[PDB]
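Read the structure below first, then the notes.
Number of protein chains: 2
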Amino acid sequence: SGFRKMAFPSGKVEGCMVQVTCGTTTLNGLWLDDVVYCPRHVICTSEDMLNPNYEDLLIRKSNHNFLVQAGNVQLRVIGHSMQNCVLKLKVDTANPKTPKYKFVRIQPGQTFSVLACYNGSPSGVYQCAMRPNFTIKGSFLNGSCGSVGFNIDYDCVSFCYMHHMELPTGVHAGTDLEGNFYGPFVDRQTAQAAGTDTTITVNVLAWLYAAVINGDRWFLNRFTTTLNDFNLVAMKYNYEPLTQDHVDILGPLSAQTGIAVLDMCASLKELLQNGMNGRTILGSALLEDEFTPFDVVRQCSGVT
Amino acid sequence: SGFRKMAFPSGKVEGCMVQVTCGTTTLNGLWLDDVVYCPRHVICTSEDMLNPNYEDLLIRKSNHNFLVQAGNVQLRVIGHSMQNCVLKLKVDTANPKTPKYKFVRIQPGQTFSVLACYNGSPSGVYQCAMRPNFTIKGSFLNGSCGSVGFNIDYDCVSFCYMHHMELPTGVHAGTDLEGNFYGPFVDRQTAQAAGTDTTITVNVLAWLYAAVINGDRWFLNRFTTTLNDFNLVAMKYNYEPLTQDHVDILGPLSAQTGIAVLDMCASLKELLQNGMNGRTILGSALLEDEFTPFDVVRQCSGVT
Ligand SMILES: COC(=O)c1cccc(NS(C)(=O)=O)c1
Ligand SMILES: COC(=O)c1cccc(NS(C)(=O)=O)c1
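If you read the sequences in order, they're chains A and B. Be aware that the first sequence starts at 3264, since it is given in the UniProt record's numbering, and climbs by one per residue. Be aware that the second sequence starts at 3264, since it is given in the UniProt record's numbering, and climbs by one per residue.
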């Protein structure tokens, strides 16, 4: 029993973290096989960052300008290319600790673990979600760029995020491992405002199911609703619309608890309209939206 | 910027987790040097668990009755002893991945990371605190016993917790790595009620400092207080008393933010008396008490 905000074990990713230095800029890289992936803004002075022309800045850089250190040993860079907003540094040595891995671009609402690193050295691990506005709410200081976000399916690490940017509002933007930003963000020190940070409805429902499974039942009400009725309320409260695809995904949590998805929707509706009245659910005084349905299944069934 | 509930990187501990089986009971062990540490209740049938006599149950067990598996390879048990509520299984092979490590008994209020394991296989990592009633609020299913709690000081893992028990209320009890229970709990399936789960005052203050550092300032008030005045309010709200030792520990957070510890105490006092009024601090609608002052320093300074 008990339900915790849980990150994947970080060991497989710890073994992939290196320090990348270009001139006076040091950040983190991800070493998979004989390639080190890092944010292309490693090539920038903070001055460059105001209006960088990355192709033009890259002409001034050779293989030997990229200093890659894995622990306290230098890797030989034998090639480099720009893919979108990441640099791929070819090194002469395959990472001996390369895990099975995939590159996956996640959708808003999906959760992942971040291994926060400074100078290629891991400091901590935490669980994030891709927000509906394609930001993440991270914990990232100067030097944390190139820290990555990941999921693990048994023995295979799916890399979904690399850290690039803090917005003036202190929320975070970054790329998939093909260098493509999530959302409309760019690796430039310019005014970039995030859209509405809406609540991930399907995730709140999953967590309400988790609460029922763990004995927190006080919010279960006598009502049901429809998707259209629920969605009118959702809109009003800046919750993402719920689709039949979301209802389908929640099906196993419905089955386990014998609470129809639309019944839990009506319980959520009442919680939005009435508030918590100073009560908690799973030790939270707000509705948690950074557990996916699968996260709830995983933690409530003990997958390794 | 940003402030997250952050666990230590789990890699060093992942490398120490093994499966221990005695008869039909499988749980987790911790392999350090040539010793596997596990809960002594590995020897119990659930029937035994109602009134176990551990010395008497152990007479029926030999070295070969303890099956230790590290990944998919069996370790040879050449010795076994009971220390308090843990078994120490001597194996013929030193763990090649043994990190630098210490055994530390923590005080209530101290935080640590838990690597949740099933069948010697890590499923996730989360951040806990030793509650003032010597429980922890974990996420632990059947098979998770022998999962451990730890801190890392640079390269040295300090092991502070091993999981043993879920109380009828679904909170958790376990031991230090010398087999001594935290609090008055015993490894017996009997009625064991926890005391008052009080709020770790010094931890809430630290997190309020973290909030100021990250731009959440709305709760800063025009008041100050004294330890005695604050403590009258603390008592009323089931907050732990604040000592001059706690004030001393908060000193660096005071210095960084220029907010006197007693001023932040007066801000906390008003938050207890007035509530949050539907506002959040660092994305929480309650006062978070599972960050230590050092945790705040660590995350706000980027230690690795
Ligand atoms: C077991 O049913 C699920 O929760 C489930 C099924 C299939 C896929 C997922 N992935 S998710 C939570 O990101 O959308 C969850
Ligand atoms: C830097 O000042 C601190 O926060 C500090 C100093 C010394 C020790 C600690 N350990 S603790 C938070 O567990 O009580 C924190």
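Every residue gets a Cβ at the ideal spot worked out from N, C-alpha and C, and that includes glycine.
CB of residue i within 9 Å of CB of residue j, strictly
{"i": "B/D3450", "j": "B/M3428", "result": "yes"}
{"i": "A/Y3389", "j": "B/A3474", "result": "no"}
{"i": "A/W3294", "j": "A/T3361", "result": "yes"}
{"i": "A/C3285", "j": "A/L3330", "result": "yes"}
{"i": "A/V3349", "j": "A/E3441", "result": "yes"}
{"i": "B/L3352", "j": "B/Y3381", "result": "no"}
{"i": "A/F3493", "j": "A/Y3424", "result": "no"}
{"i": "B/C3301", "j": "B/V3283", "result": "yes"}
{"i": "A/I3476", "j": "A/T3520", "result": "yes"}
{"i": "B/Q3507", "j": "B/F3266", "result": "no"}
{"i": "A/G3383", "j": "B/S3386", "result": "no"}
{"i": "B/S3264", "j": "B/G3458", "result": "no"}
{"i": "B/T3398", "j": "B/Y3445", "result": "yes"}
{"i": "B/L3534", "j": "B/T3487", "result": "no"}
{"i": "B/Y3472", "j": "B/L3516", "result": "yes"}
{"i": "A/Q3452", "j": "A/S3309", "result": "yes"}
{"i": "A/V3336", "j": "A/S3421", "result": "no"}
DSSP state of residue i mapped onto helix, strand, coil
{"i": "B/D3416", "result": "strand"}
{"i": "A/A3457", "result": "coil"}
{"i": "B/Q3452", "result": "coil"}
{"i": "A/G3292", "result": "strand"}
{"i": "B/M3539", "result": "coil"}
{"i": "A/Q3332", "result": "strand"}
{"i": "B/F3444", "result": "strand"}
{"i": "A/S3421", "result": "strand"}
{"i": "A/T3308", "result": "coil"}
{"i": "B/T3464", "result": "helix"}
{"i": "residue 3570 of chain A", "result": "Look at the range of chain A in this structure, 3264 to 3567, and you will see that residue 3570 of chain A is not part of it."}
{"i": "A/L3430", "result": "coil"}
{"i": "A/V3510", "result": "helix"}
{"i": "B/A3518", "result": "helix"}
{"i": "B/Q3562", "result": "helix"}
{"i": "B/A3529", "result": "helix"}
C-alpha distance - residue i paired with residue j, whole-angstrom precision
{"i": "A/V3411", "j": "A/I3369", "result": "13 Å"}
{"i": "A/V3434", "j": "A/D3552", "result": "17 Å"}
{"i": "B/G3342", "j": "B/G3541", "result": "59 Å"}
{"i": "B/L3549", "j": "B/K3400", "result": "16 Å"}
{"i": "B/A3456", "j": "B/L3430", "result": "7 Å"}
{"i": "B/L3320", "j": "B/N3314", "result": "11 Å"}
{"i": "A/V3465", "j": "A/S3547", "result": "17 Å"}
{"i": "B/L3378", "j": "B/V3560", "result": "23 Å"}
{"i": "B/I3512", "j": "A/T3438", "result": "39 Å"}
{"i": "A/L3495", "j": "B/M3539", "result": "28 Å"}
{"i": "B/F3554", "j": "B/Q3373", "result": "8 Å"}
{"i": "B/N3328", "j": "B/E3318", "result": "15 Å"}
{"i": "B/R3485", "j": "A/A3518", "result": "53 Å"}
{"i": "B/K3499", "j": "A/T3432", "result": "37 Å"}
{"i": "B/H3426", "j": "B/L3290", "result": "10 Å"}
{"i": "B/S3402", "j": "B/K3268", "result": "15 Å"}
Given residue i as reference, the closest of the options once Cα atoms are compared
{"i": "B/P3272", "options": "B/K3499, B/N3414, B/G3342", "result": "B/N3414"}
{"i": "A/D3297", "options": "A/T3308, A/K3275, A/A3357, A/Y3317", "result": "A/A3357"}
{"i": "A/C3391", "options": "A/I3476, A/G3538, A/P3371, A/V3367", "result": "A/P3371"}
{"i": "A/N3326", "options": "A/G3278, A/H3426, A/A3333, A/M3345", "result": "A/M3345"}
{"i": "B/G3292", "options": "B/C3408, B/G3274, B/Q3536, B/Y3500", "result": "B/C3408"}
{"i": "A/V3467", "options": "A/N3491, A/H3426, A/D3558", "result": "A/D3558"}
{"i": "A/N3396", "options": "A/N3501, A/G3274, A/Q3536", "result": "A/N3501"}
{"i": "A/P3359", "options": "A/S3402, A/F3366, A/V3276, A/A3379", "result": "A/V3276"}
{"i": "B/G3514", "options": "B/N3537, B/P3556, B/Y3317, B/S3309", "result": "B/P3556"}
{"i": "B/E3503", "options": "B/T3287, B/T3543, B/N3347, B/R3394", "result": "B/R3394"}
{"i": "B/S3530", "options": "B/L3490, B/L3483, B/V3367, B/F3554", "result": "B/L3483"}
{"i": "B/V3340", "options": "B/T3287, B/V3281, B/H3426", "result": "B/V3281"}
{"i": "B/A3333", "options": "B/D3311, B/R3303, B/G3278", "result": "B/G3278"}
{"i": "B/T3288", "options": "B/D3311, B/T3567, B/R3485, B/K3268", "result": "B/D3311"}
{"i": "A/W3481", "options": "A/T3543, A/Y3317, A/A3523", "result": "A/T3543"}
{"i": "B/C3528", "options": "B/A3497, B/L3545, B/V3354", "result": "B/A3497"}
{"i": "residue 3258 of chain B", "options": "A/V3354, A/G3406, A/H3509", "result": "There is no way to answer for residue 3258 of chain B, as the model of chain B reaches only from 3264 to 3567."}
{"i": "B/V3354", "options": "B/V3510, B/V3299, B/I3522", "result": "B/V3299"}
{"i": "A/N3347", "options": "A/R3323, A/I3322, A/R3303, A/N3316", "result": "A/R3303"}
Neighbour list for residue i in chain D, Cβ cutoff strictly below 8 Å
{"i": "B/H3435", "result": "Looking at the structure shown, chain D is missing, and the protein chains on hand are A and B."}
Any non-hydrogen atom of ligand 3 within 8 Å of residue i CB
{"i": "B/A3469", "result": "This structure does not include ligand 3; its bound ligands are ligand 1 and ligand 2."}
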